[PDB]
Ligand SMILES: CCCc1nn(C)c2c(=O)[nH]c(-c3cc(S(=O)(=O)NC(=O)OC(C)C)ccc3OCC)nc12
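Only one chain comes next, encoded as structure tokens, the form deposited without this ligand.
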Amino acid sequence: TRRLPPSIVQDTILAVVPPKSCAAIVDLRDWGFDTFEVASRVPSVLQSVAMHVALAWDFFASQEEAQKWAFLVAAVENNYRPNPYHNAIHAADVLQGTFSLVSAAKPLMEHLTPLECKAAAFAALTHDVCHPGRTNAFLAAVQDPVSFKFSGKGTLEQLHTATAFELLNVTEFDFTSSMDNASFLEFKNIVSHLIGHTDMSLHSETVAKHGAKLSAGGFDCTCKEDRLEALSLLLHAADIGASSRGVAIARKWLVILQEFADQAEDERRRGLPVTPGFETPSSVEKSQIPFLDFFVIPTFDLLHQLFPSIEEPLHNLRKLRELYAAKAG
């Protein structure tokens, strides 16, 4: 028999929870949207954003579908842990960011089907659900049951995907119940693909992959396959791009360093080797430059080339880098 310790990841909470009061949280399409700030003034930025996106993209024809969406998002929020970074605020940020990036690219926006838009919003909303605030490597290091259940790369990503569908399966949350089987399968496949590609281990491969697509002329949005890849890239960019929304906003998202430090200490307490660079850096600013240069900047450079209308992120990142470099020295 396999002797495994209890998982550090919590099981899915299927309970029906009352959605929070949503009010007009101001353009939802703006990249300068400060999710943390909105969260400080409204009961739930995640629920307010999800409602607005659903309306902005005319998701529902019936009130019944609208109500299931509301309860689903409330339940999804109930399944995000109180982590410094991988929490419901990050979820709202990625959802709003995906909405913003997609809305800014005319070719893609004009060719996306209603089903594809619903899948994109649902995926962004649930992309980190149940995240324990520890990495896939950490789960593997402690021999967590989740690492044995979901094999191969993207352990947590597979878990988020499975959790999302488990919740969507609850009758009171199933807003896709009216879709026929072929449509629901398409929905599921898009969602799986999108959440699956948020796995940081695929970054370099995706950048080279899309770089080649760019050289070949970019995406052909009349092609379903290209729209899916485009959505995947934009979701990924939204996931790792809060630092590109402006200097003030970027600073707020440095809370990711708290989770890394927490993990470094968790590793130390467990007697495991400490992950390089996870302990709080002496110079937050200096430590960020490599991240911007290796991950974020190249990503938004690629995005701008593939979608010329998405330019702001790149300029904000360069402004941020100069500030970090100037303060570091």
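Heads up: residue numbers just count along the shown sequence, starting at 1.
FYI, the form solved in complex with this ligand isn't displayed, but the following is about it.
J.: Just checking whether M200 would be counted as a contact of this ligand in the entry with it bound - the rule being heavy atoms within 4.5 angstroms.
T.: Yes, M200 lies within 4.5 Å of this ligand in the entry with it bound.
J.: I'd like to know if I256 sits close to this ligand in the entry with it bound, meaning any non-hydrogen atom pair within 4.5 angstroms.
T.: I256: contacts this ligand in the entry with it bound.
J.: Verify the contact flag for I240: yes if a non-hydrogen atom of it lies within 4.5 Å of a non-hydrogen atom of this ligand in the entry with it bound, no if not.
T.: Yes.
J.: I'd like to know whether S287 contacts this ligand in the entry with it bound, with contact meaning heavy atoms within 4.5 angstroms.
T.: Residue-level check for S287: yes, a contact with this ligand.
J.: Can you say which of 37-45, 61-69, 297-305, 273-281 gets within 4.5 Å of this ligand in the entry with it bound, counting heavy atoms only?
T.: Selected range: 273-281.
J.: Which one of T176, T135, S232, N83 is close to this ligand in the entry with it bound, taking close to mean a heavy atom within 4.5 Å?
T.: By the 4.5 Å heavy-atom cutoff, the listed residue in contact is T135.
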